[PDB]
Amino acid sequence: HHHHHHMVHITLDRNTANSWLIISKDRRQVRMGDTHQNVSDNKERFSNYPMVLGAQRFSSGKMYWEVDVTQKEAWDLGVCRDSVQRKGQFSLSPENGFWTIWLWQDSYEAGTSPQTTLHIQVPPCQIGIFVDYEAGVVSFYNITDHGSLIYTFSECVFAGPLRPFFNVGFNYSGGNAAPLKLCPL
Ligand SMILES: CCc1nc(Cn2ccccc2=O)no1
Numbered sequence: 008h009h010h011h012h013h014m015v016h017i018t019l020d021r022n023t024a025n026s027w028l029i030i031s032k033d034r035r036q037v038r039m040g041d042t043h044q045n046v047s048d049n050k051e052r053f054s055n056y057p058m059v060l061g062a063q064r065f066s067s068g069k070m071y072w073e074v075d076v077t078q079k080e081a082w083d084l085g086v087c088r089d090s091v092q093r094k095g096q097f098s099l100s101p102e103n104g105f106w107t108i109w110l111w112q113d114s115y116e117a118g119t120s121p122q123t124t125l126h127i128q129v130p131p132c133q134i135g136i137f138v139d140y141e142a143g144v145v146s147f148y149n150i151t152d153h154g155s156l157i158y159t160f161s162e163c164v165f166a167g168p169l170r171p172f173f174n175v176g177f178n179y180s181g182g183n184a185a186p187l188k189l190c191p192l
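In the deposited numbering, the protein residues as written are 8 to 192.
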């Protein structure tokens, strides 16, 4: 791919974070805390899962960013509608306003309904996310494997402004504490 020149500087929005997340001072890293992080509740916060949104909203153009997933066992990444449900239980699907991939129990899957198996030969340490708003495309790239394509959502019906979407995943196992990090441009 040759999408690197649409690079955007993403920062995390504290106010959208699950109350157990710890976001770094620079707003570029997020990890699971071992307890509630002593913040007030609000209608924006994801309640059921360890999720947070980027601050940036996109309604046009081409955008690209990279995320470090080194040594994590579980995570979700992609984009979502600004209007997605925050409270209670829901599935990650385009019908619910999410265009995502994930790692879970040693398999990679795209968040279609039902989910799609991904064929990754080189487990990624960094993931590239490309959005073309006008084209209706969200693509995922394996930066560890020379930028190889992971998955393309096409014919997307965004139906609103998009936000970068993150899930650090639970840490029941003690093997998933590592952060998600937004990688430098
Ligand atoms: C949304 C609630 C929540 N709790 C935790 C953190 N947590 C707590 C116990 C066991 C595993 C584990 O990951 N993360 O989200």
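Beta carbons: idealized from backbone N, C-alpha and C, even for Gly.
For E51, the CB contacts under 7 Å within the same chain, skipping 5 residues up- and downstream, are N22, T23, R93 in chain order.
Annotation: the continuous beta strand (DSSP E) that includes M70 extends over 69 to 75.
Around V129, the same chain offers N149, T151, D152, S155 as residues with beta carbons nearer than 8 Å, after the five sequence neighbours per side are excluded. Relative to ligand 1, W27 has its C-beta within less than 7 Å of a heavy atom. For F177, the Cβ falls inside the 7 Å cut-off from some heavy atom of ligand 1. Beta bridge pairing from DSSP links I136 with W72, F147. Assignment of beta-bridge partners to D83 by DSSP yields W109, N174. At a cut-off of 7 Å, the beta-carbon of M70 does not count as near ligand 1: no heavy atom of the ligand is closer than that.
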